[PDB]
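So the structure is just underneath, and the comments pick up after that.
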Amino acid sequence: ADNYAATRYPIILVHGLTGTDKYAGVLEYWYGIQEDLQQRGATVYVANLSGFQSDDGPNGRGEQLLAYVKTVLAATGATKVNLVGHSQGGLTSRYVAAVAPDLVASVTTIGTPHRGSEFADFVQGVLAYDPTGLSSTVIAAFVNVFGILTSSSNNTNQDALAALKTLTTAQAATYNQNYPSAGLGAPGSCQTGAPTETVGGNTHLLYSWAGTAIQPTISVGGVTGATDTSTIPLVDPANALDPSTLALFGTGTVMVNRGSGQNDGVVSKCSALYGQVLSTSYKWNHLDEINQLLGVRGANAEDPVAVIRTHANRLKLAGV
Ligand SMILES: [Ca+2]
């Protein structure tokens with residue numbers, strides 16, 4: 001143990017869609033990461049928000065995170081926090097930085113769909129093929145109950161249809177108009193913005209990274225095939241011992257056939273860009289970014305625990 005990850009301001013890790021701090025009170029979303037950071041001197045809290053909600057709205061994840069931030073500040077005596085969000089958690093973190101800029105020192109997003117997900121567009125589109133609409137009602141009930149059962153606090157505020165809509169590309173574009181950020185490039189640019197923002201006189205350091213394990217590698221008769229560069233081809237034991245590996249290869253194949261380009265299975269490189277883009281070259285699928293499932297990753301994947309730990313040191317050296 002040492003103080004490699006000791007930051008001036010407490011770190012809050014912010015989960016995305018489906019999440020909670022601990023699924024069924026047992027499986028950490030951020031697998032082994034709070035422990036690692038704490039062993040290296042960090043003060044780190046893990047938010048527990050609705051797994052299925054919008055980020056805006058009175059009952060949304062953003063207001064939930066804002067309330068949680070205030071409790072962390074009261075507990076630590078600190079005056080600001082460093083927000084580190086995965087997937088939708090990066091959108092939630094942007095919300096808090098925008099509405100309570102005095103309480104935030106930095107925003108880091110990991111695999112965050114700032115421009116939405118072509119996979120959400122796909123799923124929304126699928127539901128439109130039920131002319132009765134009953135598929136939407138039934139599957140929403142199913143997913144909402146999954147959220148209640150797996151939430152560590154059995155949080156009943158779950159709205160799967162709102163969560164799905166939130167993550168579509170059209171809706172994300174609206175979100176970015178409603179919650180603009182100096183850290184974002186222009187819509188349609190596949191570019192980032194500035195590395196910092198100053199909002200109401202409060203400076204925030206802005207960072208991101210992306211996983212791009214899923215690479216488009218062949219085009220034949222209009223159909224695009226992908227390669228999972230995180231793995232030794234086919235035989236990698238991560239394909240056997242982590243069911244998300246092949247699942248995210250499959251969803252990532254749907255993504256590339258909707259024009260996403262390289263992606264992590266559910267978020268494209270372009271969608272993930274925000275602030276100072278530290279890397280988009282990690283050979284990671286979306287769950288590898290949070291050391292999931294249960295620490296299993298392909299042989300070519302970088303160590304995500306070490307990446308996050310090094311980023312805590314980066315924050316420390318930057319003065320937050
Ligand atoms: Ca994995």
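The chains in the structure tokens are called A, B, ... from first to last as shown; in each chain the residues are counted from 1, and the ligands are counted from 1 in the order shown.
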*Would you mind listing the residues within 7 Å of ligand 1, counting only C-alpha atoms and all ligand atoms, as a PyMOL selection string?*
chain A and resi 238+242+244-245+285+287-288+291-293+295-298
Got time to write the residues from that selection, N, CA and C atoms, as an mmCIF file, in the first residue's frame?
data_model
loop_
_atom_site.group_PDB
_atom_site.id
_atom_site.type_symbol
_atom_site.label_atom_id
_atom_site.label_comp_id
_atom_site.auth_asym_id
_atom_site.auth_seq_id
_atom_site.Cartn_x
_atom_site.Cartn_y
_atom_site.Cartn_z
ATOM 1 N N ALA A 238 -11.156 -16.481 -22.630
ATOM 2 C CA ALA A 238 -12.145 -15.463 -22.284
ATOM 3 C C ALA A 238 -13.455 -15.692 -23.037
ATOM 4 N N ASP A 242 -16.175 -16.095 -19.836
ATOM 5 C CA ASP A 242 -16.863 -14.826 -19.647
ATOM 6 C C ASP A 242 -17.886 -14.735 -20.762
ATOM 7 N N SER A 244 -19.919 -12.561 -21.593
ATOM 8 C CA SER A 244 -20.030 -11.261 -22.244
ATOM 9 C C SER A 244 -19.071 -11.086 -23.421
ATOM 10 N N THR A 245 -18.009 -11.884 -23.510
ATOM 11 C CA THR A 245 -17.051 -11.708 -24.596
ATOM 12 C C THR A 245 -17.731 -11.912 -25.945
ATOM 13 N N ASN A 285 -13.652 -4.892 -24.828
ATOM 14 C CA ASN A 285 -15.089 -4.761 -24.958
ATOM 15 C C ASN A 285 -15.631 -3.958 -23.766
ATOM 16 N N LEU A 287 -17.485 -4.461 -21.177
ATOM 17 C CA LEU A 287 -17.372 -4.952 -19.806
ATOM 18 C C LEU A 287 -15.920 -5.087 -19.345
ATOM 19 N N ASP A 288 -14.977 -5.296 -20.253
ATOM 20 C CA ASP A 288 -13.568 -5.280 -19.878
ATOM 21 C C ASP A 288 -13.178 -3.944 -19.239
ATOM 22 N N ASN A 291 -13.485 -4.270 -15.648
ATOM 23 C CA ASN A 291 -12.887 -5.502 -15.132
ATOM 24 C C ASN A 291 -13.901 -6.633 -14.996
ATOM 25 N N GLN A 292 -14.815 -6.708 -15.958
ATOM 26 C CA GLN A 292 -15.881 -7.696 -15.946
ATOM 27 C C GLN A 292 -15.776 -8.643 -17.146
ATOM 28 N N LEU A 293 -16.409 -9.814 -17.079
ATOM 29 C CA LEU A 293 -17.071 -10.358 -15.895
ATOM 30 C C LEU A 293 -16.060 -11.045 -14.992
ATOM 31 N N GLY A 295 -13.282 -10.225 -13.703
ATOM 32 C CA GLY A 295 -11.876 -10.038 -13.992
ATOM 33 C C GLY A 295 -11.383 -10.722 -15.253
ATOM 34 N N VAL A 296 -12.263 -11.387 -15.993
ATOM 35 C CA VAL A 296 -11.850 -12.112 -17.188
ATOM 36 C C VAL A 296 -11.770 -11.181 -18.399
ATOM 37 N N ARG A 297 -10.648 -11.213 -19.102
ATOM 38 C CA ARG A 297 -10.497 -10.453 -20.331
ATOM 39 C C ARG A 297 -9.668 -11.260 -21.311
ATOM 40 N N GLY A 298 -9.799 -10.925 -22.582
ATOM 41 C CA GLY A 298 -9.018 -11.556 -23.626
ATOM 42 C C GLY A 298 -7.534 -11.330 -23.433
#
* Residues of region 73-284 of chain A in helix (DSSP H, G or I) according to DSSP, as a ChimeraX atom specification? -> /A:73-76,88-99,101-103,118-127,134-150,160-167,169-178,238-241,243-256,269-272
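Remark: for residue 23 (chain A), the closest of the candidate residues A:147, A:62, A:131, A:243 is A:147 (distances computed over only C-alpha atoms).
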*asked:* I want to know what sits within 10 Å of region 92-107 of chain A, based on only C-alpha atoms, with residues of the same chain fewer than 6 positions away left out; could you give that as a ChimeraX atom specification?
replied: /A:8-16,49,54-56,60-67,69-70,73,78-86,114,175-176,178-181,183,196-208,274-275,315,319-320
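Closest approach to residue 125 (chain A) among A:279, A:1, A:216, A:168 is made by A:168 (distances from only C-alpha atoms).
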Self-check item: Between CA of residue 120 (chain A) and CA of residue 267 (chain A), distance in Å (one decimal)
Solution: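 According to the coordinates, CA of residue 120 (chain A) and CA of residue 267 (chain A) are separated by 9.6 Å.
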Extract, using only C-alpha atoms, all DNA, RNA and protein residues at most 12 Å from residue 281 (chain A), discarding same-chain residues fewer than 5 positions from it, and format them as a PyMOL selection string.
chain A and resi 111+208-215+229-230+262-264+268-269+272+300-302
Item to complete: Run DSSP on the backbone of this structure and report the residues of region 113-206 of chain A it assigns to strand (DSSP E or B), as a PyMOL selection string.
Response: chain A and resi 184+192+196-199+202-206
Got time to write the residues from that selection, N, CA and C atoms, as a PDB file, in the first residue's frame?
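Everything below was put into out03.pdb:
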ATOM      1  N   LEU A 184     -17.135  18.525 -25.528  1.00  0.00           N
ATOM      2  CA  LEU A 184     -17.692  17.841 -26.684  1.00  0.00           C
ATOM      3  C   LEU A 184     -17.368  18.583 -27.972  1.00  0.00           C
ATOM      4  N   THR A 192     -13.379  15.334 -30.315  1.00  0.00           N
ATOM      5  CA  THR A 192     -13.564  15.760 -28.947  1.00  0.00           C
ATOM      6  C   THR A 192     -13.608  17.281 -28.864  1.00  0.00           C
ATOM      7  N   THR A 196     -10.589  21.017 -20.547  1.00  0.00           N
ATOM      8  CA  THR A 196     -11.165  21.566 -19.320  1.00  0.00           C
ATOM      9  C   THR A 196     -12.380  22.395 -19.686  1.00  0.00           C
ATOM     10  N   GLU A 197     -13.175  22.704 -18.666  1.00  0.00           N
ATOM     11  CA  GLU A 197     -14.257  23.664 -18.767  1.00  0.00           C
ATOM     12  C   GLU A 197     -14.247  24.508 -17.509  1.00  0.00           C
ATOM     13  N   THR A 198     -14.751  25.724 -17.619  1.00  0.00           N
ATOM     14  CA  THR A 198     -15.010  26.545 -16.450  1.00  0.00           C
ATOM     15  C   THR A 198     -16.481  26.962 -16.496  1.00  0.00           C
ATOM     16  N   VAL A 199     -17.240  26.517 -15.496  1.00  0.00           N
ATOM     17  CA  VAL A 199     -18.689  26.685 -15.450  1.00  0.00           C
ATOM     18  C   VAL A 199     -19.036  27.400 -14.155  1.00  0.00           C
ATOM     19  N   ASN A 202     -16.077  27.702 -11.945  1.00  0.00           N
ATOM     20  CA  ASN A 202     -15.536  26.463 -11.402  1.00  0.00           C
ATOM     21  C   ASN A 202     -14.895  25.651 -12.508  1.00  0.00           C
ATOM     22  N   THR A 203     -13.587  25.401 -12.408  1.00  0.00           N
ATOM     23  CA  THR A 203     -12.888  24.636 -13.435  1.00  0.00           C
ATOM     24  C   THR A 203     -13.002  23.140 -13.201  1.00  0.00           C
ATOM     25  N   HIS A 204     -13.284  22.419 -14.283  1.00  0.00           N
ATOM     26  CA  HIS A 204     -13.333  20.967 -14.272  1.00  0.00           C
ATOM     27  C   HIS A 204     -12.322  20.419 -15.262  1.00  0.00           C
ATOM     28  N   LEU A 205     -11.545  19.427 -14.845  1.00  0.00           N
ATOM     29  CA  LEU A 205     -10.686  18.680 -15.757  1.00  0.00           C
ATOM     30  C   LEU A 205     -11.527  17.571 -16.382  1.00  0.00           C
ATOM     31  N   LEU A 206     -11.457  17.421 -17.706  1.00  0.00           N
ATOM     32  CA  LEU A 206     -12.316  16.502 -18.446  1.00  0.00           C
ATOM     33  C   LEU A 206     -11.470  15.457 -19.147  1.00  0.00           C
TER      34      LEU A 206
END
- When you draw a straight line from CA of residue 129 (chain A) to CA of residue 143 (chain A), how long is it in Å?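 Distance between the two atoms: 19.1 Å.
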